[PDB]
Structures are given as C-alpha cells and as structure tokens.
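Heads up: numbering here begins at 1 and tracks the sequence. Computed from heavy atoms alone, side chains included, the values below leave out hydrogens, waters and symmetry copies.
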Amino acid sequence: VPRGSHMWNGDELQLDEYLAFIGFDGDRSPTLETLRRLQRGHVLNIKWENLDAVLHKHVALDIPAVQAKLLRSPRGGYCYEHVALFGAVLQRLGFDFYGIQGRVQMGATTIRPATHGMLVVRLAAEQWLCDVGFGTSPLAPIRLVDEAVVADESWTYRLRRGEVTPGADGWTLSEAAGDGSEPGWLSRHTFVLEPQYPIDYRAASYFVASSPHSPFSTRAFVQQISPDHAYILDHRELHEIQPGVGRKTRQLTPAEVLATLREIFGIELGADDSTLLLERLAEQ
C-alpha cells in the first residue's frame, strides 16, 4: 500500500505534551468548542519571537525541531512555526482544514507580499479563520463572513470581504484603532482562501528570515497577548498595551532586554546566543 503525503506531519507531533502545554483538557472531538479551546490555549501559551532569524537568518519549520523549541525550551516562534504546530494538531484531532497566506499591511495601501501564514477550518456549513501565529493574535477562531465586528475579550476586530488587491476576492482583518481607544479601524492583513501548504511556508519563511526587505530578518520582535493586555518588544523598545486605553513605550539597555525577555516573556537564550543578541542590540 503506497505511503501517504503526511502533509502537516500530524504523526510526528507529541499530542499529549502539546495539549498539556497549552492547558487543553476534555473532549478532543473535531468540533468548534474544541477549536475554540485549542486556539485560546495556543495563543496564550506558545511564545512569539523571531530571535532565530535575527541571530542566524534561518528558522527550522520541521515538527520535531519546532515542538522541541516551543514546548521544551524557554523559547517562542514566529507565524510559520506556530502554523506548523497548529496545523499538526488540527491534523491529529481530525479537523477538515487548509492553510492560507496573508499580506501584513498594518494600515499601508502599498501591497505587501503574502508572508503571514494562517489556517482555515471547515465545520458544517461554515468556515473559521484560525490566525494563531500573529503575536497579538485573535484569542478565538473567527467566523468567515463577508463583514463583521468581532469582540475578542478586550480586543476588537473587523472582518470585511472585498477586492483587497486588484482582481482578487479576499478579506481584510482590521484591529480597533488606537489599541481600541478610538473609533475606526487599522488594517492588519488581507488574505485570500487559495490553499497553501508547508512547502509554501518554507519558501515564504526563507524570505522572511533572511531577506533585507523583511523587517523580521534583522531586528528583534517579541510579542505576548492576554485577554486584557499585551506586550511587544520592538528591537530595544518595550511597548506595554492596555486594550481600550492605549500604550506606553520605554527603551531598554542591552542587559534590560535579556532581563525583560526572561521576566516578561519567559524567553532565555543559550550562553552564546545571549552574547550574540547583546551584539545585535548594541549595534550602530
């Protein structure tokens, strides 16, 4: 009997270990209530950072390397590491799903490349967007509809279908303006439902991890989201966000960055990577 493709490498995942890490318990049946608990736990516990790209211009996307780094060391990953792991979980639990790519705009009108991986789940007559690896990610799957305002704890999102790019049919996911303190919306990304696979993510990750035209290749970007709070380290600038109110920012010294990475984000590098990171931080 010919061997299957094993597309998302579900079988290589340490299923019980992953679920314990994300604080998942109970019914594992491939349903919406399970998906809701999976996404909330993943977004809250899997750490988000790009330090492998900043230090080595390379990120391993294979399931054994990803689950060992994300679940067994004080480390995080960026979108493609998160989607590899979540994709593997969705596959093991028997969900009907597919991968997609989004263009991260953050308000810009100039079209950006499609370098943000996400997953879409099919449940009965509906489709659910699982944007699990954005850093300040939605804490719950989002019902794919042509237009909606969605509350996600203290965060607010807007989903709107349209001609996102010329001749395309897609959606824009927006975040409430001024970290939720103002009326209006800030576009986050645009996406189309064209199916994408782990091979596309490897080709996209190669550009994201090493290209000088990729912002995540040279400078530290670390993120964490909670129901009523968020933190973003933008190189040496620490952003502390209070959804519905706004944010404050403070510059950290190279030593304070290592301290903040451990105390706030639970991230600690090896002796040599710590030394190399301080060099990237003290640069220019």
Any donor and acceptor pair, going by atom type alone, linking the side chain of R236 with main-chain N or O of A282 inside 3.5 Å?
no
Is it true that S181 and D179 share a donor-acceptor pair across their side chains at a distance under 3.5 Å?
no
Please find the pair of heavy atoms, one from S214 and one from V208, that lie closest to each other, and give the distance.
OG-O, 2.7 Å
Is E279 close to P254 at the side-chain level, that is, under 4.5 Å between some pair of heavy atoms?
no
Considering non-hydrogen atoms only, spot the tightest contact between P64 and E12 and give its length.
CD-OE1, 3.7 Å
For a quick test of reading the model, state the closest non-hydrogen atom pair linking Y80 to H116 and the distance between them.
OH-N, 3.5 Å
Under the criterion side-chain contact (heavy atoms from CB on, under 4.5 Å), I'd like the reasoning laid out for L38 against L19: C-alpha separation, chi angles, the key distance, then a yes or no.
CA-CA 8 Å; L38 285 174; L19 298 170; 3.6 Å; yes
Salt bridge flag under 4.0 Å for residues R188 and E175:
yes
Treating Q39 as the side-chain partner and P138 as the backbone partner, does any N or O pair qualify as donor plus acceptor under 3.5 Å?
yes
Run the side-chain contact (heavy atoms from CB on, under 4.5 Å) check on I46 and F86 step by step: do they pass?
CA-CA 10 Å; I46 310 288; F86 203 77; over 6 Å; no
Donor-acceptor pair, side chain of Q67 and main chain of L85, under 3.5 angstrom
no
Quick test of your reading of the model: are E237 and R250 salt-bridged, counting only N-O distances below 4.0 Å?
no
Ignoring hydrogens and angles, tell me if any N or O in the side chain of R158 forms a donor-acceptor pair with the backbone of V150 under 3.5 Å.
no
Would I111 and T190 count as a side-chain contact (heavy atoms from CB on, under 4.5 Å) if you check the C-alpha gap in whole Å, the side-chain angles of each, and the deciding distance to 0.1 Å?
CA-CA 9 Å; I111 301 168; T190 65; over 6 Å; no
Within 6.0 Å of OH in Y206, more than 12 heavy atoms from elsewhere:
no
Result of checking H58, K57, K69 against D52 for side-chain hydrogen bond (donor to acceptor under 3.5 Å, both in side chains):
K69
Determine yes or no for a side-chain-to-main-chain donor-acceptor pair under 3.5 angstrom, with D62 supplying the side chain and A65 the backbone.
yes
Roughly how far, to the nearest 0.5 Å, is CG of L261 from CD of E256?
12.0 Å
Does some side-chain heavy atom of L269 sit less than 4.5 Å from a side-chain heavy atom of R75?
yes
In terms of hydrophobic clusters joined by side-chain contacts under 4.5 Å, are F191 and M106 together?
no
Keeping to residues at least two apart or across chains, list the side-chain hydrogen bond (donor to acceptor under 3.5 Å, both in side chains) pairs with something in residues 264-273.
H56-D273
Using a 4.5 Å cut-off on heavy atoms from C-beta on, say whether the side chain of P198 contacts that of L61.
no
Between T275 and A271 (side chain of the first, backbone of the second, donor and acceptor by atom type, cut-off under 3.5 Å), is there such a pair?
yes
Does any N or O in the side chain of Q105 come within less than 3.5 Å of the main-chain N or O of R112, such that one atom is a donor and the other an acceptor?
yes
Can you check side-chain hydrogen bond (donor to acceptor under 3.5 Å, both in side chains) on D228 and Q242, steps first, answer last?
CA-CA 7 Å; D228 194 43; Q242 177 54 54; 3.2 Å; yes
Same cluster for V121 and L173 if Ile/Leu/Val/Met/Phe/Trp/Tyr side chains link at under 4.5 Å?
yes
Anything under 30° is parallel, anything over 60° is perpendicular, the rest tilted; go ahead and classify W48 against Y78.
tilted
Using the ring of each side chain (for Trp, its six-membered ring), is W8 parallel, tilted or perpendicular to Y201, with breaks at 30° and 60°?
tilted
Going by an N to O cut-off under 4.0 Å, is there a salt bridge joining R161 and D169?
yes
In Å, rounded to the nearest 0.5 Å, how long is the span from CG of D152 to CG of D131?
10.5 Å
Is the backbone N or O of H189 less than 3.5 Å from a side-chain atom of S187, with the two atoms forming a donor-acceptor pair by type?
no
Please report the interatomic distance CG(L193) to CG(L144), rounded to the nearest 0.5 Å.
5.5 Å
So which pairs with a foot in residues 217-261 pass ring pair (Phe, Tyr, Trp, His ring centres under 6.0 Å), sequence neighbours left out?
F216-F221, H229-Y231
Linked, directly or transitively: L90 and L32 (ILVMFWY side chains, under 4.5 Å)
yes
Might you work through the side-chain contact (heavy atoms from CB on, under 4.5 Å) test for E81 and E49, ending with a clear yes or no?
CA-CA 10 Å; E81 287 166 278; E49 53 128 312; over 6 Å; no
Same apolar cluster: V54 and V59, side chain cutoff 4.5 Å:
no
Using side-chain heavy atoms (C-beta onward) and a distance below 4.5 Å, is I100 in contact with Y98?
yes
Whether over 12 other heavy atoms sit under 6.0 Å from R280 CZ
yes
Looking at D96, I'd like to know if its CG atom is crowded, meaning that more than 12 non-hydrogen atoms belonging to other residues, nucleotides or ligands lie closer than 6.0 Å.
yes
With distance as the sole test, does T34 use its side chain to make a donor-acceptor pair with the main-chain N or O of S29 at under 3.5 Å?
yes
Is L139 reachable from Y18 through a run of I, L, V, M, F, W or Y residues, each pair having side-chain heavy atoms under 4.5 Å apart?
yes
What distance do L281 atom CG and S274 atom OG have between them, rounded to the nearest 0.5 Å?
10.5 Å
Flag the pair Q127 / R143 as yes when at least one side-chain heavy-atom distance between them is below 4.5 Å, and no otherwise.
no
Distance, nearest 0.5 Å, that separates OG1 of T249 from CD1 of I232
11.5 Å
For a quick test of reading the model, state the closest non-hydrogen atom pair linking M118 to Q101 and the distance between them.
CE-C, 4.4 Å
Got a donor-acceptor contact below 3.5 angstrom from the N45 side chain to the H42 backbone?
no
Please tell me if the side chains of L278 and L258 come closer than 4.5 Å, counting only heavy atoms from C-beta onward.
yes
Pair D16 + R28, salt bridge at N-O below 4.0 Å:
yes
Any chance you could measure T31, atom OG1, to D27, atom CG, to the nearest 0.5 Å?
6.0 Å
Tightest non-hydrogen contact, residues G117 and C79, listed as N-SG, 3.8 Å
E17 and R72 ion-paired at < 4.0 Å
yes
Would you name the heavy atoms of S137 and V132 that are closest together and state the gap between them?
OG-C, 3.3 Å
Within-4.5 Å side-chain heavy-atom neighbours: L35 and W128
yes
Do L159 and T172 touch side chain to side chain, with heavy atoms closer than 4.5 Å?
no
